[PDB]
Each structure stands twice: as structure tokens, then as C-alpha cells.
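Colleague: Have a look at this one before I ask anything.
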Amino acid sequence: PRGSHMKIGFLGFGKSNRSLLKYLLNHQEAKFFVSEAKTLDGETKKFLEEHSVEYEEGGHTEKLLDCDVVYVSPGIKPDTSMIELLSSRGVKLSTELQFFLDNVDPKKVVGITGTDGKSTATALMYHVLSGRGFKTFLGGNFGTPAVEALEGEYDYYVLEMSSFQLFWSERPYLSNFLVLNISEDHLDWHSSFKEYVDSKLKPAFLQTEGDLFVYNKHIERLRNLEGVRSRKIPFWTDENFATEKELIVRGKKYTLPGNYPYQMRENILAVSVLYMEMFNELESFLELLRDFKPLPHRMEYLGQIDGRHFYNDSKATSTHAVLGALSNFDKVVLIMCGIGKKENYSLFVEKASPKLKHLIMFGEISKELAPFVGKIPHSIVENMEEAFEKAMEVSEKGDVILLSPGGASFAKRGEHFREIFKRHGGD
Ligand SMILES: O=[P-]([O-])[O-]
Ligand SMILES: [Cl-]
Ligand SMILES: [Cl-]
Ligand SMILES: [Cl-]
Ligand SMILES: [N+]
């Protein structure tokens, strides 16, 4: 009715609405208006001015009441004054996720939601679809907003979707919908648990018989899913579950490549079930799982030499991973090495300190750590052989010696450390 005089509003201007405005500037004839509660920085203003997008900052005014549609930033709360005025004046309210779901090919979307594990599970789905050779987009709440992907073409769009995005999405239709878990704590979400649940489950009740809904069966305690019309495959059942070492899908058993925490086992189970439904086969999934980056590393116990216990955490390539390994003991003689990531090690050192009987270092990471380590008994050596002997020398019967490097390299170091262990008589 209004041709190019359509007025499109943005309430809030975080990454969702910024990505959406950038898509619409290049795809739609309309007058655009951005409304920010705080101040916009200099770069953002220059950007809006370069494309003559009107804006207000320092408060939401009645200028938004003039809009034909307003896109709400996912973090905007439902009972705020501007939402109340907008609704009471009959202005249509939508959000960047809903726009995406209205514009993409529905059958190419894999929508993942959950309380825990959401980012890793989404990354795994992306990983295994990419590994089959599909051109695959990864984004959603934790990452790149989905509308970025509407430039060019993809085979699959793998989205992580939060309760906030789904709340503000009036009709969030997904052909492929995975719910990892729904849990009562901890929660970024404002208040009502029943609104949180209902927001997260919205897509399920929109599906048709040709669609797919894979879900954690514990959510059946919260909501009745009988009327959902899609192919529905629950996990944690008699046929779809995981124990510490095994994955069972359709009653079939597969050995997992390591013994992982509960959340990672659930992420694997969830994505398994969906992959098996899409491709009828899990051998390709398991092979691709092996190079999945967030996959926890094996901490291989090597054995003893003269009462000392050796653990090989060769794959720890960051401060974070070293802190993981450390939480398995109370005292340890620790060997670190490799190329230090650009970090601030004081946070790491104070967190590591109580667990360290002695720290041994070599490689360029020695230089990064040296300035913060005056606190604790420590030795800098030149290579792994020297590190090994120094570990034997500062240790006694009963101690644990742990290789957990913390830096990158140029199972090469791990192999080297194993070989040294053996040459000095290890088991
Ligand atoms: O945060 P507001 O719309 O009063
Ligand atoms: Cl705002
Ligand atoms: Cl904002
Ligand atoms: Cl998004
Ligand atoms: N936000």
C-alpha cells in the first residue's frame, strides 16, 4: 500500500539488528530508523550516516510508533515501556531470527536449542555436515547472526537459537528441530520458567508430517508432545542413549573415541540421532567426530617409574586445557612447553598454583610464563629430555608427573614423551 515509504524500525542495535539492517539496506526499499537506549560509538554513527539511516540514541521515543514493522533485539524485555506502547498502537513486532526463517529455504535449516551444550552441539552439527562436503553456514545467538548467510547460497544453515530469539519470533518455522535439553537452572532468562519452556518449544508445534523433531525425552516431563505432527525421535530411550564409553543409536552400539563428560556425551548423542535420521549411517559421523576440535583429549596414564606416576596430556594446547588436566589431582609435577598463545598468564598461574608441586618449562612458552611464576618452585630447561629428567629429580615416590604443554607446536610430543618414558624403564 505504501511502496517505498515503508518505515522499518530497529529497537536496540546489537549484532542481530546490525546484521539485519545491513541485509535490508541492500534488499529493500524503505526508510530505516534505529533506536538505541545507550550511546552509539563513532564508527556506528558514521556507518548510519553513510547510508542515511536515521537514528536516535539515549532513549526510545515515540518516533518508533511511526514504523510499519519494528525488529526487536533479542535481549529487549517484554514488559518494557516501548514494547507496551508499540503493541498498544498495533505496530507489528518481529526479530532478526524470524526474518531469517521467513526468507531462507526451510528444508535447509537445522535449528538447535537447549539450556546446556548448545554451542558445542551446534558446532558439531556444522562440523559433520561440512565434512560430508556440504557448504554449510554456522551461526545464531552465540555467533554470526543468521541473516549474514542470506548473501549467496548454502546447502545447510545450522543455527543455535536462544529462548530470547524464539520469544520475539512470532512463528519460527523449522523443518529440522533439535532440542538438546531444557533445564531449570542456571538461566540467562528474565523470569518465568513456563515462558522459557514455551519459547524454546515453539518450532515443534509448527511442524508438519514431512518435518523432523529430535529431542531429549526428559522434556516430556514438561510438555505434552503427542500432538506434534513431524517424525519425532526422542533420545535417552531404550534405543538411543550413551554411557561413558558407548553410543547406542537405533539399538546399535558404537565405541566412542574417548570417555567424555556428560554434556559432551549428550551433544554427541543428540547430533547422532539426527545424522542417522538424515543419512541412515553413523560410520561417517564417527570418523568426522574424531577431528572435531572441542572434543576432549585423552589423558593417557603411562605407568610408573620408581614410584612416580606419569600422565600424558600431550594435546593440551592452551592455558584452559592445562587447567582441565590439573583438576584431576592435588599435587603434580607439571611440564609445559610449546608456543604460547597471546594471553595473560597471571589468571592462569594463580588458578594453577595450588596444584603445582613444581613447574617445568621449555620452548617459547617459558618466556611468557617466567614473569608470573616467581611464586612457585619452577625450572626452565631446553627440551623434553631435560624436562623428563628434571621431573624425576624434583619428584619422589608417590608423585604425579604430568605433561600438559599449554602451547602449540611448530601425539608428536606425546609420542616423544612416551618414548622417553620407555627408554628410562617405564613399565
Ligand atoms: O527500556 P524502555 O522501553 O523504558
Ligand atoms: Cl537499546
Ligand atoms: Cl543494544
Ligand atoms: Cl541469529
Ligand atoms: N540486546
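Residue numbering restarts at 1 for every chain of the C-alpha cells, chains are lettered A, B, ... in their displayed order, and ligands are numbered from 1 as they appear.
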List every residue of segment 64-293 of chain A that DSSP, applied to the backbone of this structure, places in strand (DSSP E or B), and write the result as a tab-separated table (two decimals) with C-alpha atoms, in the first residue's frame.

Modeller:
```tsv
chain	number	residue	atom	x	y	z
A	69	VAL	CA	7.36	-3.05	11.47
A	70	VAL	CA	9.82	-2.99	14.34
A	71	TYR	CA	12.60	-5.50	14.75
A	72	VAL	CA	13.28	-6.15	18.42
A	92	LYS	CA	3.96	-5.24	14.16
A	93	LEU	CA	6.92	-6.61	16.13
A	94	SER	CA	9.37	-9.13	14.78
A	109	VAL	CA	17.78	-25.17	8.20
A	110	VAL	CA	18.91	-27.18	11.22
A	111	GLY	CA	17.69	-25.37	14.32
A	112	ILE	CA	19.23	-26.35	17.62
A	113	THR	CA	18.08	-25.17	21.02
A	136	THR	CA	27.38	-25.13	5.49
A	137	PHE	CA	26.66	-21.99	7.45
A	138	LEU	CA	27.17	-21.88	11.24
A	139	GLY	CA	25.60	-19.16	13.38
A	140	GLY	CA	22.78	-17.91	15.55
A	156	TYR	CA	22.64	-26.17	5.10
A	157	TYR	CA	22.21	-23.44	7.73
A	158	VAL	CA	22.99	-24.64	11.21
A	159	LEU	CA	21.57	-22.30	13.83
A	160	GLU	CA	21.76	-22.15	17.57
A	176	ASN	CA	14.67	-29.81	11.25
A	177	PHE	CA	14.48	-29.05	15.02
A	178	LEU	CA	16.78	-30.39	17.71
A	179	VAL	CA	16.18	-29.80	21.45
A	212	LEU	CA	11.86	-33.74	11.75
A	213	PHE	CA	11.94	-33.21	15.54
A	214	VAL	CA	14.73	-34.83	17.53
A	215	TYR	CA	14.62	-34.18	21.25
A	216	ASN	CA	15.74	-35.09	24.71
A	231	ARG	CA	8.68	-37.55	12.58
A	232	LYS	CA	9.74	-37.30	16.25
A	233	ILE	CA	12.75	-39.12	17.56
A	234	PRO	CA	13.46	-38.89	21.26
A	235	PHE	CA	16.81	-39.68	22.78
A	241	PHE	CA	21.47	-43.40	24.69
A	242	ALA	CA	25.07	-43.10	25.70
A	246	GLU	CA	29.41	-46.35	24.24
A	247	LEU	CA	26.92	-44.70	21.92
A	248	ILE	CA	23.74	-46.57	21.17
A	249	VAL	CA	21.51	-45.37	18.33
A	252	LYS	CA	23.12	-50.32	17.64
A	253	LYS	CA	26.32	-49.93	19.70
A	254	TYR	CA	29.39	-47.93	18.75
A	255	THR	CA	32.53	-47.26	20.75
```

Colleague: Find the spatial neighbours of residue 315 of chain A, counting only C-alpha atoms, within a cut-off of 10 Å - ignore same-chain residues fewer than 3 positions away - and output them as an MDAnalysis selection string.

Modeller: chainID A and resid 296:299 312 318 321:322 403:408 411:414

Colleague: Please extract the residues at most 7 Å from ligand 3, counting only C-alpha atoms and all ligand atoms, and provide them as a PyMOL selection string, using the chain letters and residue numbers of this document.

Modeller: chain A and resi 12-14+36-37

Colleague: How would you write, as a VMD selection string, the set of residues no farther than 8 Å from ligand 1 when counting only C-alpha atoms and all ligand atoms?

Modeller: chain A and resid 37 59 to 60 76 to 77 80 to 83

Colleague: What lies within 12 Å of residue 187 of chain A using only C-alpha atoms, ignoring chain neighbours under 4 positions off, as a PyMOL selection string?

Modeller: chain A and resi 114-116+162-164+182-183+191-193+196-197

Colleague: To one decimal place in Å, what is the distance between atom CA of residue 230 of chain A and atom CA of residue 243 of chain A?

Modeller: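 If I compute the distance from atom CA of residue 230 of chain A to atom CA of residue 243 of chain A, I get 28.0 Å.
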
Colleague: Neighbours of ligand 4 at 7 Å or closer, counting only C-alpha atoms and all ligand atoms: which residues, as a JSON list (two decimals) with N, CA, C and O atoms, in the first residue's frame?

Modeller:
```
[["chain", "number", "residue", "atom", "x", "y", "z"],
["A", 16, "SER", "N", 22.44, -8.55, 16.02],
["A", 16, "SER", "CA", 21.30, -9.03, 15.23],
["A", 16, "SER", "C", 20.75, -7.97, 14.36],
["A", 16, "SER", "O", 20.66, -8.13, 13.14],
["A", 96, "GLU", "N", 15.19, -10.48, 14.14],
["A", 96, "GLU", "CA", 16.10, -10.92, 13.09],
["A", 96, "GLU", "C", 16.01, -12.41, 12.80],
["A", 96, "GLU", "O", 16.08, -12.84, 11.62],
["A", 97, "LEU", "N", 15.87, -13.23, 13.82],
["A", 97, "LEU", "CA", 15.69, -14.68, 13.58],
["A", 97, "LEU", "C", 14.47, -15.03, 12.73],
["A", 97, "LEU", "O", 14.53, -15.88, 11.81],
["A", 139, "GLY", "N", 25.82, -20.37, 12.60],
["A", 139, "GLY", "CA", 25.60, -19.16, 13.38],
["A", 139, "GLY", "C", 24.40, -19.22, 14.28],
["A", 139, "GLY", "O", 23.98, -20.31, 14.69],
["A", 140, "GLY", "N", 23.84, -18.05, 14.56],
["A", 140, "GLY", "CA", 22.78, -17.91, 15.55],
["A", 140, "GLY", "C", 23.22, -17.15, 16.78],
["A", 140, "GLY", "O", 24.18, -16.39, 16.76],
["A", 141, "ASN", "N", 22.52, -17.34, 17.88],
["A", 141, "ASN", "CA", 22.72, -16.44, 19.00],
["A", 141, "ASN", "C", 24.19, -16.31, 19.45],
["A", 141, "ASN", "O", 24.64, -15.21, 19.80],
["A", 144, "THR", "N", 27.52, -15.70, 14.45],
["A", 144, "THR", "CA", 27.22, -14.81, 13.35],
["A", 144, "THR", "C", 25.70, -14.82, 13.24],
["A", 144, "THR", "O", 25.10, -15.88, 13.16],
["A", 145, "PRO", "N", 25.08, -13.65, 13.22],
["A", 145, "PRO", "CA", 23.61, -13.67, 13.00],
["A", 145, "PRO", "C", 23.20, -14.36, 11.70],
["A", 145, "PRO", "O", 23.87, -14.21, 10.65],
["A", 146, "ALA", "N", 22.07, -15.05, 11.73],
["A", 146, "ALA", "CA", 21.70, -15.90, 10.60],
["A", 146, "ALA", "C", 21.50, -15.14, 9.28],
["A", 146, "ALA", "O", 21.74, -15.71, 8.20],
["A", 147, "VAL", "N", 21.10, -13.86, 9.34],
["A", 147, "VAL", "CA", 20.87, -13.12, 8.11],
["A", 147, "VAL", "C", 22.13, -12.86, 7.34],
["A", 147, "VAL", "O", 22.05, -12.69, 6.14]]
```

Colleague: Just checking: using only C-alpha atoms, which residue out of A:287, A:211, A:188, A:50 ends up closest to residue 274 of chain A?

Modeller: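 Going through A:287, A:211, A:188, A:50 one by one, the smallest distance to residue 274 of chain A is for A:211.
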
Colleague: Taking the backbone alone, and naming residues the way the document does, which bits of segment 51-176 of chain A are helix (DSSP H, G or I) by DSSP, as a PyMOL selection string?

Modeller: chain A and resi 62-66+81-88+96-103+106-108+118-131+146-150+163-167

Colleague: Pick out the closest residue to residue 375 of chain A from this set: A:399, A:277, A:350, A:54. Count only C-alpha atoms.

Modeller: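 Selected residue with least distance to residue 375 of chain A: A:350.
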
Colleague: Name the closest residue to ligand 2 among the candidates A:98, A:224, A:39, A:346; distances are taken between atoms, counting only C-alpha atoms and all ligand atoms.

Modeller: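 Between A:98, A:224, A:39, A:346, the residue approaching ligand 2 most closely is A:39.
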
Colleague: What is the atom CA of residue 333 of chain A to atom CA of residue 395 of chain A distance in Å?

Modeller: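 Going from atom CA of residue 333 of chain A over to atom CA of residue 395 of chain A, I get 7.2 Å.
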
Colleague: Write out as a ChimeraX atom specification which residues come within 12 Å of residue 371 of chain A when counting only C-alpha atoms, dropping same-chain ones fewer than 4 positions away.

Modeller: /A:344-346,349,365-367,375-376,378

Colleague: Next, dump the selected residues to file, keeping only N, CA and C atoms, as a compact mmCIF listing (two decimals), in the first residue's frame.

Modeller:
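The resulting file, part.txt, is reproduced below:
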```txt
# COMPACT_ATOMS: atom_id res chain seq x y z
N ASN A 344 47.13 -13.71 28.97
CA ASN A 344 47.58 -13.08 30.21
C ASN A 344 47.63 -14.12 31.31
N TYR A 345 48.84 -14.50 31.67
CA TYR A 345 49.06 -15.77 32.31
C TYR A 345 48.84 -15.72 33.82
N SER A 346 48.69 -14.53 34.37
CA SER A 346 48.54 -14.34 35.81
C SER A 346 47.26 -14.98 36.32
N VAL A 349 48.17 -18.69 36.21
CA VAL A 349 49.12 -19.08 37.25
C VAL A 349 48.49 -19.15 38.63
N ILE A 365 57.10 -20.76 25.43
CA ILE A 365 56.12 -20.50 26.49
C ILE A 365 56.83 -20.20 27.81
N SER A 366 58.07 -20.67 27.97
CA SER A 366 58.89 -20.31 29.13
C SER A 366 58.96 -18.79 29.31
N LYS A 367 59.18 -18.09 28.20
CA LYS A 367 59.25 -16.62 28.21
C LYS A 367 57.92 -15.93 28.63
N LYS A 375 56.32 -17.11 42.15
CA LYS A 375 55.57 -17.63 43.28
C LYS A 375 55.91 -19.09 43.59
N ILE A 376 56.33 -19.87 42.60
CA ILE A 376 56.30 -21.32 42.74
C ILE A 376 57.56 -22.04 42.25
N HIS A 378 60.01 -23.91 40.25
CA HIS A 378 59.93 -23.96 38.80
C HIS A 378 61.32 -24.11 38.20
```

Colleague: One decimal, in Å: what's the spacing between atom CA of residue 95 of chain A and atom CA of residue 34 of chain A?

Modeller: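 Interatomic distance here is 13.5 Å.
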